[PDB]
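Starting off, we have a lone chain in the form solved without ligand GTP, written out as structure tokens.
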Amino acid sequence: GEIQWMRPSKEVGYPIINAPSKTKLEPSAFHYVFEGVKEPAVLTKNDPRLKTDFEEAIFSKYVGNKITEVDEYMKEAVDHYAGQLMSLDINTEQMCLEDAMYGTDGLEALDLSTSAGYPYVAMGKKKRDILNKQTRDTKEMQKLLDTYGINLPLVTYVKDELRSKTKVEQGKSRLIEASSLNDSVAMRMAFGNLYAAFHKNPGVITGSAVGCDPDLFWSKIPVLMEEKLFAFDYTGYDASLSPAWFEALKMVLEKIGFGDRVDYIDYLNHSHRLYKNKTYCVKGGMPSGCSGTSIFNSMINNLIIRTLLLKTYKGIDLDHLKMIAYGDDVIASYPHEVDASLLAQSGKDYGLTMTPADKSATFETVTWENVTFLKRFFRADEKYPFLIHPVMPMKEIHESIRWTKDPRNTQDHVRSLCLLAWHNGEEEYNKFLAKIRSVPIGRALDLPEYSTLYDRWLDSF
């Protein structure tokens, strides 16, 4: 990904975009009861905590485009992976406007909270106005698609979330690039069926984990995986993707019966976007807040791994590659051991920064005892070994609970955390509930006891 040019929006007929200058995150009732070193991300150029220019910091994720064309290795990766998706019988038909808008089996209805995008964000028009759950009306949207068309600029927002002390001081705040409602709708109509297929089939056939339920999915993973596991982390995956990877993605889509609408991928790839008073054009790099982003990143990750395997290890049998990706996150396996370090260097050739899995200083053997996926460890149940617990470290949970966006969401926010926490064992969980109940707010909450969660989990398979 690389910025081609940037400049004042007024010079090209675009209006300035107001972005919430204040963070919605504030110390929660549990701020001093649990330990955390995280603070709200930097949102404006003026934040006193900065130690380097804010504008440069946020855009520096656009490293450039290391590759131009789609080489032989990528092509075979495309063939192999396209070959697998082919077996799912993915409905190639387009999805109707109604389903694309209000959900259907396999696809949730448009999220009514996230940005409406341009020009709606500049008109003052919000989502709850364009649609509604009960009546499932499309007349309004239909009228708006005809009015402002598609392929509209993305609106770039600084993501309001928790970041480490360093990330704050270096202004390393992440960006959400909001897709226009129209684009969102169109893309959903175009690939709705593809998304549904993916959500209903997390595993080694889609090579995707998007939409999965970790409580249940964990127990299936090891079975699906080959003998020797391998993994690594990416640095700025989304922004590092070169146009060539999008081309490969288009090739896959084309091979699975989506040829007629690969144009949407160009839009993700080579787009035009708005940030405050500035307008800029980007070549390469996957925009975060667009329709299919997770799925497309995952598909690309499938092509990436294959490509590196093919280039690093001629003769490799991809039919024996068992991987599951969730965007840039990935768990992979092969019957034979592979050198992650060696793969990381082949990666650098395709504009990919690959480092040891889970910030280890050096590349080491990945085992079931140390591997993580979606920040979660894998731990067989002490009583029912065949059932695997997804284990989110308590540190993450403590960090999260120390803050709040909406005091009314406290109940759900804590409840959610518990559903994650209990997998750390009864003793750990009780200490957690104990701490929660050491403040009035926490005592007022309605939380599940350990035995409840455990029994429900056991019964769920």
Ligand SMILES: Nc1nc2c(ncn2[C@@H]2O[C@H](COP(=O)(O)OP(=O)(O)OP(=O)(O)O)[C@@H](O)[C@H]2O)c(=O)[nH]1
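Numbers for residues come from their place in the sequence shown, where the first is 1.
Here the subject shifts to the form solved in complex with ligand GTP, a form of this protein not shown in this document.
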Original post:
Quick one: does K359 come within 4.5 Å of ligand GTP in the entry with it bound, counting heavy atoms only?
Top reply: yes
Subject >> in the entry with it bound, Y234 touching ligand GTP (heavy atom, 4.5 Å) >> reply: yes
**OP:** Please check if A82 has a heavy atom lying within 4.5 Å of any heavy atom of ligand GTP in the entry with it bound.
**Re:** no
Original post:
According to a 4.5 angstroms non-hydrogen atom cut-off, is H199 in contact with ligand GTP in the entry with it bound?
Top reply: no
Original post:
Ok, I176, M251, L343, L152: which has a heavy atom sitting within 4.5 Å of ligand GTP in the entry with it bound?
Top reply: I176
Original post:
Within 4.5 Å of ligand GTP in the entry with it bound, heavy atoms considered, which of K167, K276, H270, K228?
Top reply: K167
**OP:** Would you confirm whether the three residues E2, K66 and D266 all fall within 4.5 Å of ligand GTP in the entry with it bound, going by non-hydrogen atoms?
**Re:** no
Subject >> Residue stretch of 124-132, 209-217, 159-167, 182-190 approaching ligand GTP in the entry with it bound, non-hydrogen atom distance within 4.5 Å >> reply: 159-167
Original post:
Going by heavy atoms, what in 303-336 lies within 4.5 angstroms of ligand GTP in the entry with it bound?
Top reply: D328
